[PDB]
Structure formats: C-alpha cells, structure tokens
Amino acid sequence: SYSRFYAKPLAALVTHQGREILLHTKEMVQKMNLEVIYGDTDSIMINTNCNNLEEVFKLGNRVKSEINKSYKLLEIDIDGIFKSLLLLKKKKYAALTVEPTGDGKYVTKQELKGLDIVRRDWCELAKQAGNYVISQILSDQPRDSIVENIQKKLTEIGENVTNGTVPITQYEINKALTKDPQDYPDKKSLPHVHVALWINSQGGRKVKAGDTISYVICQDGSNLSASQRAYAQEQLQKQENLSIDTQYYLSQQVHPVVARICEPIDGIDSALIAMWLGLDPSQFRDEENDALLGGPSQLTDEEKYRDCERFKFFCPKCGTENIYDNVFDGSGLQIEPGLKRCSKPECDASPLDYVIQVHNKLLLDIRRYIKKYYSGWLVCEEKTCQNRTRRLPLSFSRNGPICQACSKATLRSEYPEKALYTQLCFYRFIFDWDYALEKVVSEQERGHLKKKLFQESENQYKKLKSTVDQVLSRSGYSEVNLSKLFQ
Amino acid sequence: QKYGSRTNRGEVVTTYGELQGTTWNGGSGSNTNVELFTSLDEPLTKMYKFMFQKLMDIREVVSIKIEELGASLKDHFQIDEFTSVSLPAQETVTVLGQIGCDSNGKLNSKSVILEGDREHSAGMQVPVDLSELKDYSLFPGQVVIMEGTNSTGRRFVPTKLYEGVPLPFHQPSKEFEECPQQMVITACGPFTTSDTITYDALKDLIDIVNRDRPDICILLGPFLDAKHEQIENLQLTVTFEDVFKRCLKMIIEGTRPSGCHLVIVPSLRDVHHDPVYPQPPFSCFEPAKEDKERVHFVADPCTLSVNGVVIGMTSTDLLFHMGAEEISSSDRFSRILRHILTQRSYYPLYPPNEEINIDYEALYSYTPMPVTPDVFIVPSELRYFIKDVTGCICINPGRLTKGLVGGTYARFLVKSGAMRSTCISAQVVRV
Amino acid sequence: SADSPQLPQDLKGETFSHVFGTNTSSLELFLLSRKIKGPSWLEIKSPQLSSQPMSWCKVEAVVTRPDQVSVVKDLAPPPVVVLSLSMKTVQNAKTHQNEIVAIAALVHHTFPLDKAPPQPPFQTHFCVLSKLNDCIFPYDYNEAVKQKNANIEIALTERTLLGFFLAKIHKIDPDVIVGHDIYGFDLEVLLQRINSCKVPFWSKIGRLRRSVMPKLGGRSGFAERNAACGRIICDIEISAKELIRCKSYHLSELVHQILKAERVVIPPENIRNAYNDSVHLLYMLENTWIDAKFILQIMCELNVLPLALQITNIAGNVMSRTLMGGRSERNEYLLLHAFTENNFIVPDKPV
Amino acid sequence: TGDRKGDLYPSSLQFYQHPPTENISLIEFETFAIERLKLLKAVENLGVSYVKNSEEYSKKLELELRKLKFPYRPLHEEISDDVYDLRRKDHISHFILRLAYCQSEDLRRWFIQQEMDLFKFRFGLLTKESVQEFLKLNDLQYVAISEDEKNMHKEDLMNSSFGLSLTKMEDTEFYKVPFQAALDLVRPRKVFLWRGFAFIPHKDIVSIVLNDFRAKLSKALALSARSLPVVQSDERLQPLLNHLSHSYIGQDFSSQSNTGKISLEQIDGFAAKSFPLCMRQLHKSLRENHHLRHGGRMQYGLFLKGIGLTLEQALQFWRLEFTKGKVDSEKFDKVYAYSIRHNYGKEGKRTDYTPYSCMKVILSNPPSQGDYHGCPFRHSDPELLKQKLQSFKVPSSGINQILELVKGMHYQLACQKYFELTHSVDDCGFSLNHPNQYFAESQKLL
Ligand code: SF4
Ligand SMILES: [Zn+2]
Ligand SMILES: [Zn+2]
C-alpha cells in the first residue's frame, strides 16, 4: 500500500492468479501419487515417497516439467532435500538436510528449526529425554524402529524415576527472578516465587530480581498444588519428610518435552507417551482427513456430543444426581422418558413433577456455559509454554494471537464458539422427542412410545426444548447470513 | 425480621447542593419529557445475536478504540507524531497505547505493560517502568499518551503521562427553559432480602414513590438476583420469568397513583435475562395500555434526556471492578470516576472483571459516552456517595437491600439551565 | 525555479483539471533527467569553486545547471574506504541512558566493489576506551595498553571519546561504515551522547556540514533519518535478512552460521566489573575489536557491497537507500526510469 | 404457501441467476451442501457408466432425485408448500456448491459439467406446456410454431430435420428461434432458416438452452472465485467448502452396532471373494511376510473392525500373525497391542477408530516401495494391475473395461466393475464408496 505504484486491482489479480497456480500445482503433484506437505507463495514442500536420491532428482525434474507445461514462464528450482522430516509448522521442524556430493552419494546434516524452548526452567531429565527423542527421529532408521527405541527409553526413564535411581541434581529446576518476589501478581501459582519468598523469610542473602532460584517439587503430604510444594534442594536433604514428586516430574516435565516431538508421529499420542512413562492415560486424553471420513457435518450423535457435559439434576426428594444424556432411557417396552423416574430405585419421585426446577436448572446451566464462553480464556498451543491468559493481545500472526510469554506460538480459545454451540445443541438433543423417536429409538420401542400415557411427558419435553431453542435463536453461530456470502 | 424492625427509616445519610425541606414533592411526571439521548450513534433497543466473537473482531474493536481516543487526544494536545511503542528510543518520544498487566493477577506498579495500536505499533507490547513518573493513576484498558524513552529497546520509561480530556457537557436547547425542576428517585437492586422473595424493600420504595410523587423513578437491576441464596440452590417453586413478571407488575401497577415515568435498567445479575454486555432492554413484559407512555425499558448502559438534562446510568458495578485494578502513585473513587469520564466509555476496563460478559462489537457500538452527563448514576457495593467529578454529579445510592438489612436510595432535583448547577440538590436516604 | 512557491496538489482551474509533479523531489528530477542509474562515473563541464566549505570532503565543486553533469560509461569502479565499527555501551540505572564506553574500528583504505573481498579484510584499526563516570581505570591501564602495542586511545571522559571518534571519522573519511544494528542502536546512541555531552561538530559523522540534528525516526524509521548523510551505512542485520536465512539475526547467530565461529558475549554486569584489572579491561576491548572483525568478515562473506552496487545499477537508485532496506525506494526507481523513458507521467509520491 | 412463501420459485428448472437472500441455519447449510454433492456425484457416476440418453440413466437419476428429495418432476396442481421447500433446497444448495467449486479451474469445469447434465435431464422431463412456461419466465422468447404454419412449411421441415419420418414429423412440434442462438445448428446446415428464424425440433432446443446456461454459469463461477476472500474468514464454513470435493458421502462404519459375529477361521475364506482388492492384498502380505507396516496395520485392522472382529478377536489375530516371525508375545504386548486397542477405542483423531473409506484410501497416504496399503486401482502400475487381474482369471473383456475405467481416474467404478464380474451380477445395485460396504454387499449376495 505504501508503494508509489500501489494498484489494489492489479495486486488482487496477481494474488488470485497465484492462488490458482498453487491449487493447480497441488492437483498435479497429487495426480503423480506424491504429497504436497506444505505450500506457500514462496515454496512447496513435497513428499517424494522414495528411498533413492536419483529417483528424487528424477521426480523433481518431472514435477518441474509438469508445472512448466501449464505455465511456461514459471521457472522452478530445487532449494533442498530432506532425508527425514518431523514437521509441526513451517519454521518448526527437525530434518536431515541432504547435500549431494556427486555420483549418487550425499551427506546428511541435522537441521532443527524452531525447536528451542523459550522457558528455561526445565529439569535436566526432560532436556535429556527431548534430546534423545530428537536423536532417534533424526536417525536414518524406519518409523517402526524409531518408535520402538522411543518406547524403550521412555519406559526406562519412568522406571528409573519410580525406582529412585535418578541423580537428584537432575531433578533441579532453575528459574530466573525478573522482579522482587513479593511483586509478582501470580505469586501463588509460581513455584520459584514461593521458594524466593521462603529464602527471604529465612534471613540469609535476600533474593532480588536477576537471581536464579533452584527448586525441586517434593511431596510432603499437604494436598497442595505443585506450585506450593516447591522446596530448595538443601531443604529436601534436611527435612527428611520431603520426597521428590515423581508424578509431577513425569507429567509436567518429561511428558511435554517428549510429546511436543512425538505426538506428530502417526500412531503416537499424548496418552501413549503417558502410558510408556508409567502415568495414567486417562488424564491426558486435520480437516482433509475429516472430509475423507465424512466431514464435520456427517458425524453420529455420540461423536458430535462426546465432549459435552450432560444434564445433571439433583432429585428434590432423595437428592441423588440424575445424569441425562438422551430423551429416552431403557430398552424395549421398559423404555420411558428419562424424566419419568428417578435414578434411585428406592426413590419414587418423578422429576417430571418438578419441571419448574428442571427449567430453572437448565437456565442456570445455560448461563454457566455462556459465562464460560465469554470469559475469553486463551491457552498457548505450545506444549512447553501452555501460557493461560484472559488478555487478548493485538499482536497477531497469520494464525491468530501471538502468545506474549514465548512470542512464538498462537493463543487458542479454551472454550471456543463451537464448544458452546455444541453444548446448546446437546441440551436441545436431550429434549428432542421427535428426533429421538425417528433416529435414536428402534421400531418396537417407537411403537411403545408413540401411544398415550406419554403425551404429558411429550408436552413437558417440548416445553423444555423450547428454552434451548429460544437460547439458540439468539446465537450468531447458529445462523448463516446468505446475503453476506452471495452479493 | 431485621428489616421490618429497623429504626433509621427515612434518615438522610448523605446530602449535596441546595438545602431542601424535610419533605420532597414532585410534579407526578406532568410536565416531563423523558427520552434516550439523541446522539450520532443509534441506541441499543433490541436483542443482538451474540455468543459468536471472532478474535479478529475483538482485536479490531480494541485497536479502533485506542486509535480513536488517541486521535482525539492528539488533536486536543497538538501532538506532532506518535511513535511505535516497541521500537527503541534514545531520545524522548510520545507513545499512544493502552495499559495492561503482564500477568493474570491484579495490576501493580511492577507489572505494567503498554500495548500499542495496530496503526502505530502493529499491536506490540512493551514493559513500563514507573520509576521516573512522579504522579500517575493507571488501570488496565486505559488509553494513555506518554512521553518517555526506551534506551534498551525492552523497557519503556515514561516521563510524562498526559491527563485525560473529558467530553464537553451538553448545551441544552431553550425548548425546556420554562419547564420546572424535576424530581428523580433512583434505586438499585437487590430489591428483596437475602432470605426472602417477597420484595419488601420494593414495596417500601413504591410507597415512598406514591408519597413523594417523583417525576422519574430509575430502577436498576438485578430484579431477580442470580446470587440470591434461594435462586442458586433451586428452592423456587415458580419459573424465573414468572417471578420477574410479578415484580414488574408490582412496580408498574403500584406506581399508578404517582404517575411517575419508570426507567428500568437490567443488570448482569438478572437470572432471567440474556447474560451479555451491553445488555439489551427487557422485552418479556408488555405494559398495559395505561402505562405504555410511563415505562421505559432501556439498555445497560443508558444515556437519558430528561427535559434537556443528560443522565448517565449503568447497573454494572464499575467502581468495584476498577478499584480492584487501579494503581496510583499516592479520593480513590473520584479518581476512578474521572477515569471513566475521560475514557469516554461506560466500561473502559480491559480485560473485564470475572463477573461480566462483554460482547465487544456491541461494546464498541453502545458504550461510548456521547457527552459528559450532568448526573451519573453508578450503584456500587461500595459505600453510597454524591461526588462532584469535573462538574458531573456522580451518585452512588448504594443498593436498596444490603444482605439481611435494608439499604438506601437516592433522590435528586434536576433543572436545565439552573445557575453549571443542573443538579439543584441530591440526597442519599435510607429505606 | 525551485525558489518559487509550490503549487497545491489539488490545484484545479477552469481550463485544466489536474496538476502533476508538484511535489517531485529535486534529486528525483535530477536523476531521471540526466539518466543516472546508480553509482557511475560522471563528468562535470565548467565546474566552479564553493565560496565556503559545505561538506567535510577533501574536494568540492559546484555546477550551476544540472545539464552540465553527464554519465561516463564502461569505466571500472574505484576502491572505497570501508570502516567496520563496534561499540560497547552500558545502561545507567540512574539516568536510564546508554553510555558509550568503548569503540573499535577496522579500516580498509582500498576496498573493491567489483572484485573479490580482500584477505585480510582490513589494513588499519583504532580503538578508544573510556572510564564509566567514577569507575576509575585500573592502576596500570596505560602500561598495559602500551605493552599491547595497539592503536588504543584512553579518554578520560565520554566527551573526549566522542570527540576522538569524530576526529578519526573525519580524517579517515570512510565511504562505507559497516556495523550491526548500526541504524537502530549505534547511530542513535552516538547522536544522543553527542548532544548530551555537548560535543561540537556532530555532522562529522556524515559528510555534509549540518547544524541541526535530524528529527527522531517517527513513522519513517531509524534508517530514514540520514544521520550520516553522504556515507553508506551497512547494517549487516538488514543485509543478512535480505541475503541469507538464519534462525535469528543477532550477531552471535550470524557469526555461527556464516563464519562458523563462536562469539563471546561479555555480560552487562561484567563490563563495569572489567574496570578492576587491566587484563579484564583489555579483554573487553579485544571483545569489541573481535566484534568489529566479525562484522567486517560477515560483510565480506555475504558480498554485501558488490551486490548492493549491482542492485543499485539495475534499479537506478541511490546506494544508501539500497542498503537501508525496508520501505526505502529501490524498485520504484526501476519503474520510474522505464516510464520516463517511455513518455509517461509518473505518479506523485504519497505524502 | 403456508407461512413465509412467495412467488420466488415459479418453475422447477431455473438458471440460478439470483442469489438467495435468506438467513439459514448452519445445520440446514451443511445438509443442503452434502445432499447436492451426493446428487452431483450420482450424476457423474451415471454419466460415466451409462449413455445419457439411455433409459437406465433416466431411471437411476430419477431414483437418486427421489431419494435425496430434489425437484425433478413438474406438478400441475399449484405451488404446494412441500414443493416450495424442495425448490428452495435446490436454489440454496446450488449456490453453496458454487462457493465450494470455484477455487480451481479443474473444480469449476467439474461443477459445470455435472450441473449441465442435471439440467439436461430435467429439461428432458418437461412437458411442452411447462417448457414454454420456462422459456417465458427467463425471457428466452422462443416461439412454438402453429400447426397451420407447420403445414405451410411441411416439406421444408421434413427436409430440414435429419431422420424425421412423415408421420413421426406430424407428431412433432417445432420452435422458432433467432438464428444468432442456433449458430452450432445453422453452421452445418441441419436446421431450416426462414426469415431470420430457425425451426428447431423438441430435441435440439435443449442444446441452445444449455449453451445459454453454460455461459451464465461460467461467468458466475468466475465472479465467485473473485469473491472468495470474504468467505475464507468464516471458519464455520471453511472446513466444508475447502474440502467438499473430498467429502465422503456414504454410510458410517465406526459404530458397529449389529455387525454380526465373525470367526477368525472365516477370514481367509472372505479374502477369496468378499474382500476388495485393497484389503485382499494386505491380507496376502500379512500371510506371506507375517508383518505389516503402520499404514497397512491401520487400514486392514480398521477394515476388520468394520466387518465385525471384536477387540479380543483382533488381538488374537494380529498376535498370532506377528508371532509367526520376528515377534514374541512380550513384544506384541509392549509395542503393538496399544495400536489395536486404540483402533477399537473411541478416543483419538477420528482416523484411528473409523474404517477408511475409498476416498481416504485413494487420496491419502500413498504407499511407498515395500508398503502394501492403498488402492490397487490407483497406486499400482496399469500393466501390473492387468497382470494381477489375469492372475484372478477374470474374463479379458471385463479386464479391458476395468482398465478403461482406471484410465479415466474412475477407480471406484473400476472396483465396482470388478465386483460385478466376480459375483456375476450385471447390476450391483449400489455405488461403491467404502471397502466395508463392499464386504457387506458381497455377504448379502453370499
Ligand atoms: S476402490 Fe475402494 S473398495 Fe475398491 S479397491 Fe480401491 S479402496 Fe478398496
Ligand atoms: Zn430421587
Ligand atoms: Zn506461548
């Protein structure tokens, strides 16, 4: 825009043509049984799927020819070759750069871009684990061997930690104090600030800004967050009531550093890494593939609402919680609407009697979810940062807000609009009599439910669904303005 | 029990302005003209679709807020050029930005950051060192202009903090020159005791209204509090809408003898209404044909014109929200009120408090203060007061009910063109 | 004439609808009129003598009419004087300012612009060291400096250090000054400390005799201030960003990636502690000298100056703006020359 | 015209000139988009398989239109609410697909082709009255000749239209069009011109109409591609529109529900005739090398899940197989078991517990040397494929057919033809889009 010759029409036309060329190139490369694993106006990263460098050069020449055929003046060059590539983002990868020495022989050199960890408060255990994982990935071995070696090392580290064979110096975490410890607004959640306050309280050399605090997270029988259970090493050696919190050191130190490099491998997830380390996977559980498997619009009800909270209602009479996740409960002729009988067999109270209370609880839950959405909590997508802030910064990358803790990753909403929309849709679903009858219910069950003795329940369910429908009618996520699209 | 046996009924707990008799009387809304302040921007009068905020839209709204306020201040101060906040500065430069906290806790003098706008700084932030600033008063989300230096390129050191510039007051037309002084009774929720749902304080206030016959009665929410112990634990045998309808019927029908224009302002604590700010007006009640011209369902915030007198009002507890975050070098409420007036927004705090849901497009469209109001009603959990901030009479009438005990309301007299003494008298009185 | 007023951009009359070229710069008019495309050999007919010196240059001439300047062709470029500059500063916790405490300069007097970079990249060098305002020198600073057998000058104040630096820049008269973050840090700090210590003749940093210092960067940027007018300032940060990809463009990363060497960074708290022993002070000065050497080596290895010359010749702009980077006019001049050569009314510069 | 209807949808066929202005729901948006994608894919498949004038083409297209509830037949009753709804569907869905099919020239061409085909079919189902109505509503102003004028130019008309018999000609009615619209007919002298008007039978007119339609549609697609930046910012519609062309439009197999009981001993037998080639190959490799690479492991295992193998069953299967070489029980428990468990779980990226569809196998994860996954009809050299088919003793003619289809990149159709040959059924009665579907149909034929 600042250009002396700025011409918005010309720039728009050039950009549009560039888009067309890029998409056509993707189609061509795909037709050649190869994969375009990245593409930008400046470069294209293609998966040759070959183990020979000569065939790689042949495929590059063929791709250049195919592109030039449709665009004569578009001259392309090969900028590099990678033997192996772990890719998380352009500017975020590990690779074995190939320099060909001639005559079919080449030399490989490791190249890590964007894998440095901004946070420096990491125990040597996690650093060594990450180094080993990167060494295994950047070896010329196949995928299966790499995964087997990674599993071996992770199980070994977990067993060593749980057996207390790990040198204590490797549990130490060093963090720099950028302020006076009392001046941190989040001092409660910060362990190094806790240790600095303790050090100052002792009466020795007071720790001011610029000082490095070394601490180890220890279990002391306090039922307090890991931040509060942060102790200096000497205190751990002296008290005799302090033990290293191995679970913390495996879940919060090793697991992130390892999963930030291993999760991209297909077949490995955070849960698998947790299992290998010896933790509980329960605590750790692409649009193209989704389209290839049905897309977001053709999901089953169970998969569409699997992350949504179910409707909890406490019986006024007995006080037992009732979880509602469907309009109907039971099978066969024993099937009845969920709000007909209490979940406690000894309780004869019918929740359908207290439908005013159900309405009020529904409104309170809707308010709770709307408040959660408008809280605007953002979390850094980087595993090694996981910065949580309410403040949205005006500094944006192409992908969204830039995290101001590490300055290298995007902030993602903790409770996005889709989450709230799906929650409201689920609350509508658990009260949709007609939909349940048509889709969820079977034939004999449908016949048993499509008679009298349930008309009153049907009317009450319709009234309850009216509330969620009213709320959804006021949501901008559930409406598409076709005027704005087509003009 | 405790409320019904109180002994300080009718006590004047605070006074301001011309002394008046022990009894106040009004015109019963006879020669009264109440409307919404006709400014350039259209008012919020109907529900707007919400629950769909794009982070890009929030970024744009915040950036344009900073840019617009900075443009007005630059014209006012004859500032030559703004400089990018992030760039190093060996010599003194003027920088426009908004204040924030480097962490999630409460702001302190060592955790201040300045975030620039997209036009001059590409949205970049910079830490701020307040060691060389002799006097300051900063809260998060405050748009400021500062002269300072950044020698290390990593820490901005302000040397001057430009003062705020409030909007000009309203210049009333002569159409209301001959109108008499108008009486306004303002009360804020909760209206029922913590352990009851009978609205006894509301009945007492309605009796007071019929007794004194004010010209306007401004009732601010909540009317069915979400924090009421009965509401949270689900002990109510009737729907929320039914209770609210009963309350509104009580208010409207009970004020029939007084003939007083009722201005109803919703609250974020209204369990029956849409939880979003700016809050749209109530729309679940249809007044009878004999009360249509008397009842005004307005939005939160609201700028009302009463015979030329501009009254700003908000149900949101602005003072409590900003007192928890304002940092000063050395009256705190007066400082916060001046901050609100100078920022020219009914909610300048960013990020907001944990108890308010903000739709930022609606905030941009419906929270700008058109002018500096003659009277500014700001109910708060803090103590009641009547303050004069830069010529604006800021009234905190407290809340009608304070837990188990009765609370307070306020009554004031407004006349356009009086003496700038548009507020003849004001009093915080007990219920 | 240029002394007459300037017509409004939106000027319109009954007979004419628009006015083009009202704000065209004198330099642009000259370059497009005489078809001067980048650095070249120019012949001046009927040169005059300036009444009083206007520049800090050895020789001066004046041409009354722009038509007297013609472009000679096909001759080889001459050698240029290149000065690689590094400086050590310390932040003052009380005054919140950076005090220049050391400067090191490496000078090559015959630097080619069309040949290969010389080996070694420099011929002479000088260094100036100062005490940090009540940080007295170690007992035997003079003896150690003399034993080092170097061109080290000890200044008793920052004012004397700046005066010495300006005198040396005047005497050497470098055509190119190369540094790292020179536009953004070195020049700004130099000017601030010159106007703070009240050092006369700041313009010796440049080549024209200027009385008033340039306005702060504002929107244009640090580069577009022209502090060293008439000298080509090469910031290897911008040149590296244009010519080579790196993880970061701090000097240490560039040294690691381009020269395959290791660069030692003296922590800020150690710079002021180096005034306890003469050995430590000499180590700090040698670190500054090594930094200057690294800057010059990176410049030579990337071939920044020959590439800048070729880019300027192809585009046909001023070389200083070629090496400034950013929003400076580089290819706009290519288009301007083409359109002027094809009878076009080029657009007015945005204002 | 119940509540909120109007004269916005006069006729069934339309040129799709005026964009919709309504506010629809996201669910309606997605349903309409997917439904019209199914319709267009059915049109393409039927066009490849059959001749567009064939009666089989018409019957199958009518069946698809009825199944997806799109307007295809007129109704001389009135604008019934239901009818209105259908027409609204058509109108909105079309434009949605425009937004989906304007990014790349290839896509554009595909869209245009399918749309034209559909339009032609619908025109072919229009009664003369309805036809004229249409030609009027769009200001095409083509006149149907009178009977008297027809008799007046009887001989000229007889000699104008190729292969028109006297009585058959008496049974036909022509239309009068300006000659500027019948360029392609007049140029080779296959339609009579009188006083600046061509007399086009009921068969050629569709051609002119289609020409106009195509022009308009191409222009529209260009404009849509020009207005793309405004839509990319709407995340809600980005996953759909950016990937609609690669959207699976079959049934779901993630939830087994009632898949029957399969004994391991049966599996080998299935590989004879019920497993599609993609799976058959993997089975063979697993029984030869006693091992499969990640890709294959996933593909095959998920297929097995789809055909009803239970978690325990799968664990046994894989266990034994790997144990027959370079693997011991402990190894299977430490490295591989978790894989199978996740395959049978409901947590992951939806590519871990969902059986892969034909498109997933064809357009994703191309096999490398030593990898035996993927679609043989796509990822195997044509000659090699021919050899394989010969090894299966499929009749030569059938082989030729299959190969022709493969040359057209109609891989799924090739597989379908193979199925039809192996089971000796002229018509399979289904459209192949998932290997598990393949298996199920085979078993239905037993
Ligand atoms: S077309 Fe589908 S079912 Fe047939 S072999 Fe290929 S992937 Fe398998
Ligand atoms: Zn119960
Ligand atoms: Zn981060």
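Each value, and the rule that gives it
- Residues numbered from 1 in each chain as written, not as in the entry; some residues may be left out.
- Chains lettered and ligands numbered in written order.
- Part of a larger assembly, values for the part shown.
- Heavy atoms only, no water.
- Contact = heavy atoms within 4.5 Å.
- Buried area = accessible area lost by both parts, 1.4 Å probe.
- Salt bridge = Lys/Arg side-chain N within 4 Å of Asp/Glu carboxyl O.
- Polar contact = N/O pair within 3.5 Å; in protein donor to acceptor, adjacent residues only side chain to side chain.
- Helix = DSSP H or I, 4+ residues; strand = E, 2+ residues; numbered from the N terminus.
- Axes fitted to C-alpha atoms, helices over the stretch in contact; angles between N-to-C directions.
- Parallel < 35°, antiparallel > 145°, perpendicular 65-115°, else oblique.
- Left-handed = near helix turned anticlockwise from the far one by under 90°.
- Nonpolar A, V, L, I, M, F, W, Y, C, P; charged D, E, K, R; others polar.
- Donors = N, O, S within 2.8 Å, 3.2 Å for Na, K, Ca; no water.
- Tetrahedral: all angles 85-135°; square planar, octahedral: opposite > 155°, others 65-115°.
- Buried < 20%, exposed > 50% of the residue type's maximum accessible area, 1.4 Å probe, protein only.
- Pairing = 2+ DSSP bridges.
- Expected span 1.5 Å × (residues − 1).
- UniProt positions renumbered as here; feature names shortened; annotations may be inferred.

- Going by the header, the method for this PDB entry is cryo-EM, and the resolution given is 3.2 Å.

## Comments concerning the interface of chain A and chain D
Alright, step 1. Residue-level contacts link 57 residues of chain A with 69 residues of chain D.
Alright, step 2. For the pair chain A and chain D, the summed buried surface comes to about 5,400 Å²; carbon and sulfur atoms form 51% of the total.
Alright, step 3. Area buried by chain A at its contact with chain D is led by A:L292, A:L293 and A:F486, which between them contribute 14% of it.
Alright, step 4. Here chain A is connected to chain D by eight salt bridges.
Alright, step 5. Linking D:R297 and A:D144 is a salt bridge whose minimum nitrogen-to-oxygen distance equals 3.1 Å.
Alright, step 6. Counting across the interface, chain A meets chain D through 28 residue pairs in polar contact.
Alright, step 7. Those elements that provide at least two residues to the side of chain A that touches chain D are α1 (8-31), α4 (143-162), α8 (270-277), α9 (287-292), α10 (301-304), α12 (417-429), β17 (479-481) and α16 (482-485) of chain A.
Alright, step 8. The element best represented in the side of chain A that touches chain D is α1(A), accounting for nine residues.

## Let's talk about the arrangement of the chains
Alright, step 1. Inter-chain contacts occur across five pairs of chains; the most extensive set of contacts lies between chains A and D.
Alright, step 2. Where chain C comes nearest to chain D, the C-alpha atoms are still 26 Å apart, and the two do not contact one another.

## Focus: the packing of helix α6 (residues 251-259) of chain C against helix α8 (residues 278-302) of chain C
All names here are of chain C.
Alright, step 1. With their axes 10 Å apart at the nearest point, α6 and α8 run at an angle of 50 degrees to one another. Taken together, the axes of α6 and α8 lie oblique to each other. Along this stretch, α6 crosses α8, giving a crossing that reads as left-handed. Only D291, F294, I295, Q297, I298, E301 and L302 of α8 make contact with α6, whose side of the interface consists of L251, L254, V255, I258 and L259.
Alright, step 2. Partitioned by chemical class, the residues of the contact of α6 with α8 number nine nonpolar, one polar and two charged.

## Considerations on the coordination of the zinc ion (ligand 3)
All names here are of chain A.
Alright, step 1. Ligation of the zinc ion (ligand 3) by protein atoms is provided by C380 (SG), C385 (SG), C403 (SG) and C406 (SG), these donors lying 2.2 to 2.3 Å from the ion.
Alright, step 2. Around the zinc ion (ligand 3) sit four donor atoms, and with donor-metal-donor angles ranging over 105 to 112 degrees the site reads as tetrahedral.
Alright, step 3. In primary sequence terms, the donor set of the zinc ion (ligand 3) follows C-x4-C-x17-C-x2-C. Here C406 lies in the loop between β15 (388-389) and β16 (411-413) and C385 lies in the loop between β14 (378-380) and β15, a separation of 21 residues in the sequence. When sorted by exposure, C385 lands in the same class as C406, which is buried.

## Describing the pairing of strand β17 (residues 385-389) of chain B
Residue and element names in this part refer to chain B.
Alright, step 1. Burial within β17 is extensive, with four of its five residues counted as buried.
Alright, step 2. When β17 meets strand β18 (residues 392-396), the two strands line up antiparallel, connected through five bridges. Bridge pairing in β18 links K387 to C394.

## Points about helix α14 (residues 277-288) of chain D
All names here are of chain D.
Alright, step 1. The end-to-end C-alpha separation of α14 is 16 Å, in line with the 16 Å expected for twelve residues at 1.5 Å each.
Alright, step 2. Among all positions in α14, only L277, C278, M279, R280, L282, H283, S285 and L286 are buried.
Alright, step 3. With its phi angle positive at about 55 degrees, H290 sits one or two positions after the end of α14.

## Focus: the UniProt feature "binding site: Zn(2+) 1" in chain A
Residues and elements named next belong to chain A.
Alright, step 1. In this numbering, the UniProt entry assigns the feature "binding site: Zn(2+) 1" to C315, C318, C342 and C347. A maximum C-alpha distance of 9.1 Å is found for the annotated residues, which run over 33 residues; spatially they form one tight group.
Alright, step 2. Residue position: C342 is located in the loop between β13 (336-337) and α11 (355-374).
Alright, step 3. For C342, a relative accessible area of 6% gives the class buried.

## Some remarks on the pairing of β18(B)
Residue and element names in this part refer to chain B.
Alright, step 1. For β18, the buried fraction is high: five of the five residues fall into the buried class.
Alright, step 2. Neither face of β18 is open: one carries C392, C394 and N396, the other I393 and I395, and all of them are buried.
Alright, step 3. Looking at chain direction, strand β16 (residues 375-377) and β18 are connected through three bridges and run parallel. Bridge pairing in β18 places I377 opposite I395.
Alright, step 4. Once β17 ends, the chain turns through two residues before running back antiparallel as β18, passing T390 with a positive phi of about 55 degrees.

## Considerations on unusual backbone geometry
Alright, step 1. With omega at 0 degrees, the peptide bond leading from B:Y350 into B:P351 counts as cis.
Alright, step 2. Its place among the elements puts B:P351 in the loop between α7 (332-343) and α8 (360-366).
Alright, step 3. Cis peptide bonds are those with omega within 30 degrees of zero, and the linkage from C:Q119 to C:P120 qualifies with 5 degrees.
Alright, step 4. On the secondary structure map, C:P120 appears in the loop between β4 (98-111) and β5 (124-130).
Alright, step 5. One non-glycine residue, D:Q141, lies in the positive phi region at around 50 degrees.
Alright, step 6. Considering the arrangement of structural elements, one finds D:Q141 in the loop between α5 (128-137) and β2 (143-144).

## Examining the interface of chain B and chain A
Alright, step 1. Each partner contributes to the interface: chain B provides 58 residues, whereas chain A provides 40 residues.
Alright, step 2. Where chain B abuts chain A, roughly 4,100 Å² becomes buried across the two surfaces, and 58% of that area is made up of carbon and sulfur atoms.
Alright, step 3. At the boundary of chain B with chain A, the tally comes to four salt bridges.
Alright, step 4. The closest approach of N and O atoms between B:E115 and A:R391, which form a salt bridge, is 2.6 Å.
Alright, step 5. On the surface where chain B and chain A come into contact, there are 25 residue pairs in polar contact.
Alright, step 6. If you list the elements that add at least two residues to the side of chain B that touches chain A, you get α1 (55-77), β3 (89-101), β4 (112-115) and α4 (229-232) of chain B.
Alright, step 7. Per-element tally for the side of chain B that touches chain A: the top contributor is α1(B), with seven residues.
Alright, step 8. For the side of chain B that touches chain A, the residue count by class is 27 nonpolar, 17 polar and 14 charged.

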